[PDB]
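So this first bit is one chain, no partners, the form deposited in one PDB entry, shown in structure tokens.
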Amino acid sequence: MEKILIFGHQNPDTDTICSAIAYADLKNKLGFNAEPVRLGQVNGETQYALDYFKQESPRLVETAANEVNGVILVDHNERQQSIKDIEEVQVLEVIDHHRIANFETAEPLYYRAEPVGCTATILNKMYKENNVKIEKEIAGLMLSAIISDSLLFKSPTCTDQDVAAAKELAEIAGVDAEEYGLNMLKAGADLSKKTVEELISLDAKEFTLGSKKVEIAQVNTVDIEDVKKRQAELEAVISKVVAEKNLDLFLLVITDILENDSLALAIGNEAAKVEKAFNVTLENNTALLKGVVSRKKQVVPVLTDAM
């Protein structure tokens, strides 16, 4: 069997990593010579899953032309998202779940995209279609990918198929879908292992709306509780920054990526402007901003018009 390289997009998500490993397995079990490969660094989320299921991190690669003549794309299809020298190899097949664009083939191929929330959901169909038993080990990676892409079935893109697939895989992998999922999701930005001065600095941008000096920092977690439990220390560091930068307002936006609601911690003179722009009542400088997940589209415009 000519050798094939299977891999997902750049800036690898858990789907791009796990699905590549998963399909490579399926392919090999069907008599081919395939190897899972990644095009970037494996993030914490992915890691937790790889480690939990004792799986080797797919080999890093910069180009494919030098190793093979044909490749298989998973979780993507647009050129920019693919390998660097993609123009120089033949896309044998694509297993994906996104729009189709900036993609084109000179020859026919096995393209299989479905309107589901995760590439793994599709593979799972393919395993059964080819009647190939799924190893406990990999089923977990697949289950991981689904959880990852569907934000634990809470994602707007999640589907009844994704959910039924996750359930099915979680049993085989001998785990509890939601239980394992939360842990994995958590290992994402692991804030529990970060300084209170670190959180207030990650995604922080300063503005000067209405002649007032302001700073809005955001932090994404799968449980606002993890970060609210440390409000004392947060207020401390925030108050410091407010002093050093002579800020009229410092708005920390603690977003729950699962429930799409984000808790706000406003410290400043214009801390009342957060109560106006979002129509809320700050009680301990903490008010739940419902439905707010983006500050560029939901926070900045509503506060600019509040002052």
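Numbers for residues come from their place in the sequence shown, where the first is 1. Shifts are known only where both forms have a C-alpha. Note that the rigid core is defined as the largest set of C-alphas that superpose within 1.5 Å between two forms.
Note that the form deposited in another entry isn't included here; everything after this is about it.
Comparing the forms between the shown form and the other one, the C-alpha position of residue 21 differs by less than 2 angstroms, with the core used for superposition. After superposition on the rigid core, the Cα atom of residue 232 is displaced by 2 Å or more between the shown form and the other one. With a change of no less than 3 Å, the CA-CA distance between residue 254 and residue 149 is smaller in the other form than in the form shown. Cα-Cα spacing of residue 137 to residue 223 is enlarged in the other form versus the present form (difference of at least 3 Å). Where the rigid core is used as the reference frame, consecutive stretches of 3+ residues with C-alpha displacements of 2 Å or more between the shown form and the other one occur at 189-256, 261-307.
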